[PDB]
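Asker: Quick one: this structure, given as C-alpha cells, is what I'll be asking you about.
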Amino acid sequence: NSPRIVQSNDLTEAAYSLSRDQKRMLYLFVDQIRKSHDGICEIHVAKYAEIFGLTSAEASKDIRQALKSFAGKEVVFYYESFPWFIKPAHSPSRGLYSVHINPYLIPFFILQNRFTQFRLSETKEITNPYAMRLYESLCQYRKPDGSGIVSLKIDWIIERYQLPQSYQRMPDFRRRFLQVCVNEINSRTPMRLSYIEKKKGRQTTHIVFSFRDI
DNA sequence: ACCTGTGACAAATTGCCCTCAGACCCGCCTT
DNA sequence: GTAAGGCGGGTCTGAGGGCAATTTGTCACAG
Ligand SMILES: [Mg+2]
Ligand SMILES: [Mg+2]
Ligand SMILES: [Mg+2]
Ligand SMILES: [Mg+2]
Ligand SMILES: [Mg+2]
C-alpha cells in the first residue's frame with residue numbers, strides 16, 4: 001500500500017540534474033501537490049526517516065543538504081527553463097521544513113493522455129540518480145501486465161539526463177552508466193531488464209530496452 | 001582518422017559514529 | 001491523610017561535527 005506517484009511525461013523527459021536525495025524529496029512534493037493549489041509543500045524529518053529507512057540524524061542531514069543545493073538549479077521542458085524554488089526553504093518548527101515550489105511548474109507536474117506512474121516502494125532502494133531517471137523512462141512505456149519495449153536515442157539520453165562530459169566516449173558510457181544502472185534496476189526493483197545496441201556504421205546510436213515484471 | 005576495453009588516479013558519495021541542546025512528559029514535592 | 005497545580009529532571013529528537021570504504025568521473029595506453 002505504498003504511495004502511488006503519477007506524473008506528466010513532460011517531467012519524465014525533462015532536462016535537469018538532481019541528486020538522489022533531491023529526487024526522493026521531489027516525489028513527495030509531487031504527491032502533496034497532487035492531492036488538491038499554490039506550490040507550498042512541507043517535509044517532516046521523522047516520517048522521511050521512516051519512509052527511507054534512515055535514522056533521525058541522517059534524515060536531517062539528507063534534507064538539509066538537499067534543500068541548500070536546489071539554489072540555482074533550473075528545469076528545461078522541450079525549450080523553456082524554470083527554477084525549481086522561488087524562495088529559500090525554512091524551518092518553522094523543529095523537525096519540519098517548509099518549501100516554496102515555483103507555481104509555474106504545477107501544470108507540468110499534472111494532460112490526461114500522457115503520464116507516468118509507479119509505486120514509491122519501487123524506487124526507494126535505488127542509489128544512483130541516473131538509474132532513477134532510467135527507471136522512470138521505462139515506466140512511461142509499461143503495460144498493465146508490467147512489460148514493455150522502447151528504443152532511446154543516445155544523444156537524447158545524454159541531453160535529458162545531463163550525463164557528465166566524459167560519457168560522450170562510448171566505452172565510458174557503457175562501463176559507468178549503462179551497466180551500473182541496468183544492474184541496480186535488476187537488483188533493487190521488481191523489474192527485470194535487458195538491452196541491445198543499435199548501430200549505424202561504426203557508431204552506436206540507440207539502446208533498445210526490454211522488460212517484464214517478477 | 002575512427003572504434004573498442006582496461007588500468008590508474010581523483011573527486012564525490014555512501015552508511016556510520018559521537019555530542020549536546022530542544023521539545024515533551026510526568027513523578028514528586030508543596031500548599 | 002487527601003488533592004490539585006507548578007517545576008526539575010529524564011527521555012526522545014534532530015542539528016551539528018566527523019569518518020573510512022566504495023562508487024563515479026576522467027584520461028592514457030594498446031589493440
Ligand atoms: Mg551527484
Ligand atoms: Mg546521506
Ligand atoms: Mg566513423
Ligand atoms: Mg594498459
Ligand atoms: Mg591504433
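Every chain in the C-alpha cells takes a letter, A first, then B, and so on in the order presented; its residues are numbered from 1, and the ligands are numbered from 1 following the presented order.
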Can you work out which residues are within 7 Å of ligand 4, considering only C-alpha atoms (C1' of nucleotides) and all ligand atoms, and then hand them over as a ChimeraX atom specification?
Answerer: /B:6-7 /C:29-30
Asker: Show me which residues line ligand 3, defined as having an atom within 7 Å of a ligand atom where only C-alpha atoms (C1' of nucleotides) and all ligand atoms count, and present them as a CSV table (one decimal) with N, CA and C atoms (P, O5', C5', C4', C3', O3' and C1' of nucleotides), in the first residue's frame.
Answerer:
chain,number,residue,atom,x,y,z
A,201,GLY,N,26.8,2.2,-39.1
A,201,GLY,CA,28.2,2.2,-39.4
A,201,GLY,C,29.0,1.7,-38.2
A,202,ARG,N,30.0,2.5,-37.8
A,202,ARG,CA,30.8,2.2,-36.6
A,202,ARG,C,30.3,2.9,-35.4
A,203,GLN,N,29.3,3.8,-35.5
A,203,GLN,CA,28.7,4.4,-34.3
A,203,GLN,C,27.5,3.7,-33.7
B,2,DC,P,39.0,11.0,-35.0
B,2,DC,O5',38.1,9.7,-35.0
B,2,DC,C5',36.9,9.7,-35.8
B,2,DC,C4',36.6,8.3,-36.2
B,2,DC,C3',36.2,7.4,-35.0
B,2,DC,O3',34.9,7.4,-34.7
B,2,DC,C1',37.8,6.3,-36.4
Asker: Using only C-alpha atoms (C1' of nucleotides), find the one residue out of C:25, C:8, C:3, C:31 that sits nearest to chain A.
Answerer: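 That would be C:25, the residue with the smallest distance to chain A.
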Asker: Give me, as a ChimeraX atom specification, all polymer residues having an atom no more than 12 Å from residue C:11, counting only C-alpha atoms (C1' of nucleotides) and skipping those fewer than 2 positions away in the same chain.
Answerer: /B:23-26 /C:9,13
Asker: Please find the residues of chain C near chain A - the criterion being any atom within 12 Å, counting only C-alpha atoms (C1' of nucleotides) - and write them as a ChimeraX atom specification.
Answerer: /C:12-17,23-27
Asker: Using DSSP secondary structure from the backbone, list all alpha helix (DSSP H) positions within stretch 17-197 of chain A, as a ChimeraX atom specification.
Answerer: /A:20-34,45-51,56-68,106-109,129-139,154-161,170-173,179-188
Asker: One number please: atom CA of residue A:132 to atom CA of residue A:193, in Å, one decimal.
Answerer: 13.9 Å
Asker: Output as a short mmCIF file (atom, residue, chain, number, x, y, z; two decimals) with N, CA, C and O atoms (P, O5', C5', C4', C3', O3' and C1' of nucleotides), in the first residue's frame the set of chain B residues within 12 Å of chain A, with distances taken over only C-alpha atoms (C1' of nucleotides).
Answerer:
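Heads up, here's the output in selection.cif:
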data_model
loop_
_atom_site.label_atom_id
_atom_site.label_comp_id
_atom_site.auth_asym_id
_atom_site.auth_seq_id
_atom_site.Cartn_x
_atom_site.Cartn_y
_atom_site.Cartn_z
P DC B 2 38.96 11.04 -34.98
"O5'" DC B 2 38.08 9.72 -35.04
"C5'" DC B 2 36.90 9.69 -35.83
"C4'" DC B 2 36.56 8.26 -36.19
"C3'" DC B 2 36.24 7.37 -34.99
"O3'" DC B 2 34.86 7.40 -34.67
"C1'" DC B 2 37.84 6.31 -36.40
P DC B 3 34.38 7.37 -33.13
"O5'" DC B 3 34.46 5.81 -32.71
"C5'" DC B 3 33.72 4.83 -33.43
"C4'" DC B 3 34.26 3.43 -33.19
"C3'" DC B 3 34.37 2.98 -31.75
"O3'" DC B 3 33.12 2.52 -31.28
"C1'" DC B 3 36.30 2.32 -32.96
P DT B 4 32.80 2.53 -29.70
"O5'" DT B 4 33.69 1.34 -29.08
"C5'" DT B 4 33.39 -0.01 -29.37
"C4'" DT B 4 34.51 -0.95 -28.93
"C3'" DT B 4 34.74 -1.02 -27.44
"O3'" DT B 4 33.93 -2.03 -26.90
"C1'" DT B 4 36.83 -0.82 -28.59
P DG B 5 33.52 -1.97 -25.35
"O5'" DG B 5 34.85 -2.46 -24.60
"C5'" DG B 5 35.32 -3.78 -24.82
"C4'" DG B 5 36.62 -4.01 -24.09
"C3'" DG B 5 36.53 -3.86 -22.58
"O3'" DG B 5 37.38 -4.81 -22.00
"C1'" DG B 5 38.12 -2.34 -23.43
P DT B 6 37.33 -5.19 -20.44
"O5'" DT B 6 38.66 -4.55 -19.87
"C5'" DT B 6 39.91 -5.06 -20.30
"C4'" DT B 6 41.01 -4.20 -19.77
"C3'" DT B 6 41.00 -4.01 -18.25
"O3'" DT B 6 42.25 -4.40 -17.75
"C1'" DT B 6 41.28 -1.94 -19.37
P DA B 12 34.47 17.21 -6.12
"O5'" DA B 12 33.36 16.11 -5.83
"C5'" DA B 12 32.86 15.35 -6.91
"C4'" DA B 12 32.04 14.19 -6.41
"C3'" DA B 12 31.01 14.51 -5.30
"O3'" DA B 12 29.79 13.92 -5.69
"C1'" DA B 12 32.30 12.63 -4.72
P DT B 13 28.40 14.28 -4.97
"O5'" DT B 13 28.04 12.97 -4.11
"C5'" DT B 13 27.76 11.72 -4.75
"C4'" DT B 13 27.80 10.58 -3.74
"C3'" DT B 13 26.92 10.73 -2.48
"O3'" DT B 13 25.67 9.97 -2.64
"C1'" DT B 13 29.11 9.74 -2.06
P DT B 14 24.54 9.85 -1.47
"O5'" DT B 14 24.92 8.48 -0.72
"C5'" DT B 14 25.30 7.32 -1.49
"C4'" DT B 14 25.85 6.23 -0.57
"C3'" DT B 14 25.21 6.17 0.82
"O3'" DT B 14 24.13 5.23 0.85
"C1'" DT B 14 27.61 6.08 0.97
P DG B 15 23.02 5.28 2.02
"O5'" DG B 15 23.74 4.59 3.27
"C5'" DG B 15 23.92 3.18 3.31
"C4'" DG B 15 24.83 2.79 4.47
"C3'" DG B 15 24.19 2.86 5.86
"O3'" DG B 15 24.74 1.81 6.69
"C1'" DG B 15 26.02 4.36 5.73
P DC B 16 24.13 1.45 8.14
"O5'" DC B 16 25.35 1.70 9.14
"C5'" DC B 16 25.86 3.01 9.27
"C4'" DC B 16 27.21 3.03 9.96
"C3'" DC B 16 27.15 3.34 11.46
"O3'" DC B 16 27.96 2.43 12.23
"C1'" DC B 16 28.32 5.09 10.25
P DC B 17 27.72 2.28 13.82
"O5'" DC B 17 28.39 3.58 14.46
"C5'" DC B 17 29.80 3.73 14.43
"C4'" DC B 17 30.21 5.09 14.96
"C3'" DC B 17 29.57 5.49 16.29
"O3'" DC B 17 30.55 5.57 17.30
"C1'" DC B 17 29.68 7.29 14.74
P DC B 18 30.15 5.61 18.86
"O5'" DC B 18 30.23 7.16 19.25
"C5'" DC B 18 31.43 7.87 19.03
"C4'" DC B 18 31.24 9.36 19.25
"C3'" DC B 18 30.45 9.75 20.49
"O3'" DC B 18 31.13 10.78 21.15
"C1'" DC B 18 29.56 10.82 18.60
P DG B 22 18.77 24.78 23.76
"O5'" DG B 22 17.57 24.03 23.01
"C5'" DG B 22 17.55 23.93 21.56
"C4'" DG B 22 16.24 23.31 21.05
"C3'" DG B 22 14.97 23.76 21.77
"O3'" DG B 22 13.88 23.62 20.87
"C1'" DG B 22 15.32 21.48 22.24
P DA B 23 12.48 24.34 21.15
"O5'" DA B 23 11.48 23.14 21.47
"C5'" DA B 23 11.01 22.31 20.42
"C4'" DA B 23 10.43 21.02 20.97
"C3'" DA B 23 9.16 21.17 21.81
"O3'" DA B 23 8.17 20.29 21.29
"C1'" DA B 23 10.75 19.81 22.93
#
Asker: Can you work out the spacing between atom CA of residue A:106 and atom CA of residue A:74 in Å, to one decimal?
Answerer: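 Atom CA of residue A:74 lies at a distance of 14.8 Å from atom CA of residue A:106.
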Asker: Any idea what the distance is between atom CA of residue A:39 and atom CA of residue A:10?
Answerer: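 Interatomic distance here is 18.0 Å.
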Asker: When DSSP works through the backbone of this structure, what residues of stretch 14-183 of chain A end up as strand (DSSP E or B), shown as a PyMOL selection string?
Answerer: chain A and resi 15+40-44+74-77+80-83+85-90+96-101+115-119+148-153
Asker: With a distance cut-off of 10 Å and only C-alpha atoms (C1' of nucleotides), select the neighbouring residues of residue A:206, excluding the residue or stretch itself and same-chain residues fewer than 2 positions from it, and output the selection as JSON, numbers by chain.
Answerer: {"A": [151, 152, 153, 154, 155, 156, 157, 196, 197, 198, 199, 200, 203, 204, 208, 209]}
Asker: Using N, CA, C and O atoms, can you export the residues from the last selection as a PDB file, in the first residue's frame?
Answerer:
ATOM      1  N   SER A 151      12.939   2.099 -27.525  1.00  0.00           N
ATOM      2  CA  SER A 151      14.234   2.494 -28.076  1.00  0.00           C
ATOM      3  C   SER A 151      14.550   3.953 -27.748  1.00  0.00           C
ATOM      4  O   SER A 151      13.826   4.870 -28.161  1.00  0.00           O
ATOM      5  N   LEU A 152      15.628   4.168 -27.010  1.00  0.00           N
ATOM      6  CA  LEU A 152      16.021   5.514 -26.628  1.00  0.00           C
ATOM      7  C   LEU A 152      17.300   5.915 -27.356  1.00  0.00           C
ATOM      8  O   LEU A 152      18.276   5.154 -27.388  1.00  0.00           O
ATOM      9  N   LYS A 153      17.312   7.125 -27.898  1.00  0.00           N
ATOM     10  CA  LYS A 153      18.459   7.588 -28.655  1.00  0.00           C
ATOM     11  C   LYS A 153      19.516   8.121 -27.693  1.00  0.00           C
ATOM     12  O   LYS A 153      19.200   8.791 -26.708  1.00  0.00           O
ATOM     13  N   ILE A 154      20.779   7.845 -27.999  1.00  0.00           N
ATOM     14  CA  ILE A 154      21.848   8.064 -27.031  1.00  0.00           C
ATOM     15  C   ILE A 154      22.046   9.545 -26.766  1.00  0.00           C
ATOM     16  O   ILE A 154      22.202   9.960 -25.611  1.00  0.00           O
ATOM     17  N   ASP A 155      22.042  10.363 -27.814  1.00  0.00           N
ATOM     18  CA  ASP A 155      22.157  11.807 -27.618  1.00  0.00           C
ATOM     19  C   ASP A 155      21.028  12.340 -26.732  1.00  0.00           C
ATOM     20  O   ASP A 155      21.237  13.239 -25.900  1.00  0.00           O
ATOM     21  N   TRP A 156      19.815  11.815 -26.914  1.00  0.00           N
ATOM     22  CA  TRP A 156      18.696  12.285 -26.115  1.00  0.00           C
ATOM     23  C   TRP A 156      18.873  11.899 -24.655  1.00  0.00           C
ATOM     24  O   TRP A 156      18.675  12.738 -23.769  1.00  0.00           O
ATOM     25  N   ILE A 157      19.401  10.689 -24.400  1.00  0.00           N
ATOM     26  CA  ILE A 157      19.746  10.280 -23.039  1.00  0.00           C
ATOM     27  C   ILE A 157      20.760  11.244 -22.421  1.00  0.00           C
ATOM     28  O   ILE A 157      20.631  11.644 -21.260  1.00  0.00           O
ATOM     29  N   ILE A 196      19.887  -4.264 -25.964  1.00  0.00           N
ATOM     30  CA  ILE A 196      20.798  -4.469 -27.093  1.00  0.00           C
ATOM     31  C   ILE A 196      21.098  -3.125 -27.766  1.00  0.00           C
ATOM     32  O   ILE A 196      20.338  -2.167 -27.625  1.00  0.00           O
ATOM     33  N   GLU A 197      22.249  -3.025 -28.430  1.00  0.00           N
ATOM     34  CA  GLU A 197      22.717  -1.778 -29.032  1.00  0.00           C
ATOM     35  C   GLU A 197      22.369  -1.703 -30.516  1.00  0.00           C
ATOM     36  O   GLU A 197      22.453  -2.699 -31.239  1.00  0.00           O
ATOM     37  N   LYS A 198      21.971  -0.523 -30.975  1.00  0.00           N
ATOM     38  CA  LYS A 198      21.662  -0.305 -32.383  1.00  0.00           C
ATOM     39  C   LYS A 198      22.806   0.515 -32.971  1.00  0.00           C
ATOM     40  O   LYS A 198      23.234   1.510 -32.371  1.00  0.00           O
ATOM     41  N   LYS A 199      23.331   0.062 -34.105  1.00  0.00           N
ATOM     42  CA  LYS A 199      24.499   0.661 -34.729  1.00  0.00           C
ATOM     43  C   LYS A 199      24.148   1.245 -36.099  1.00  0.00           C
ATOM     44  O   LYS A 199      23.232   0.799 -36.798  1.00  0.00           O
ATOM     45  N   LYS A 200      24.955   2.202 -36.517  1.00  0.00           N
ATOM     46  CA  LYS A 200      24.857   2.800 -37.842  1.00  0.00           C
ATOM     47  C   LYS A 200      26.306   3.036 -38.240  1.00  0.00           C
ATOM     48  O   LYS A 200      26.964   3.960 -37.745  1.00  0.00           O
ATOM     49  N   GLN A 203      29.264   3.753 -35.468  1.00  0.00           N
ATOM     50  CA  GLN A 203      28.658   4.432 -34.327  1.00  0.00           C
ATOM     51  C   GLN A 203      27.471   3.670 -33.739  1.00  0.00           C
ATOM     52  O   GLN A 203      26.589   3.203 -34.468  1.00  0.00           O
ATOM     53  N   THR A 204      27.402   3.623 -32.415  1.00  0.00           N
ATOM     54  CA  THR A 204      26.219   3.106 -31.738  1.00  0.00           C
ATOM     55  C   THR A 204      25.260   4.272 -31.492  1.00  0.00           C
ATOM     56  O   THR A 204      25.651   5.292 -30.918  1.00  0.00           O
ATOM     57  N   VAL A 208      18.049  -0.315 -27.021  1.00  0.00           N
ATOM     58  CA  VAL A 208      16.703  -0.888 -27.027  1.00  0.00           C
ATOM     59  C   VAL A 208      16.543  -1.744 -25.788  1.00  0.00           C
ATOM     60  O   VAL A 208      17.197  -2.786 -25.667  1.00  0.00           O
ATOM     61  N   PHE A 209      15.625  -1.356 -24.919  1.00  0.00           N
ATOM     62  CA  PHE A 209      15.384  -1.987 -23.633  1.00  0.00           C
ATOM     63  C   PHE A 209      14.132  -2.859 -23.727  1.00  0.00           C
ATOM     64  O   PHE A 209      13.123  -2.446 -24.315  1.00  0.00           O
TER      65      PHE A 209
END
Asker: Restricting the calculation to only C-alpha atoms and all ligand atoms, which member of A:18, A:185, A:96, A:111 is positioned closest to ligand 1?
Answerer: A:18
Asker: Can you check which parts of chain A lie within 10 Å of ligand 1? Per residue, the shortest pair of atoms and distance in Å to one decimal, counting only C-alpha atoms and all ligand atoms, sorted by chain and number, as a Markdown table.
Answerer:
| residue | atom | partner | partner_atom_place_in_ligand_line | distance |
| --- | --- | --- | --- | --- |
| A:17 | CA | ligand 1 | 1 (Mg) | 8.4 |
| A:18 | CA | ligand 1 | 1 (Mg) | 7.3 |
| A:19 | CA | ligand 1 | 1 (Mg) | 5.1 |
| A:20 | CA | ligand 1 | 1 (Mg) | 7.5 |
| A:21 | CA | ligand 1 | 1 (Mg) | 9.6 |
| A:128 | CA | ligand 1 | 1 (Mg) | 8.1 |
| A:129 | CA | ligand 1 | 1 (Mg) | 7.5 |
| A:130 | CA | ligand 1 | 1 (Mg) | 9.3 |
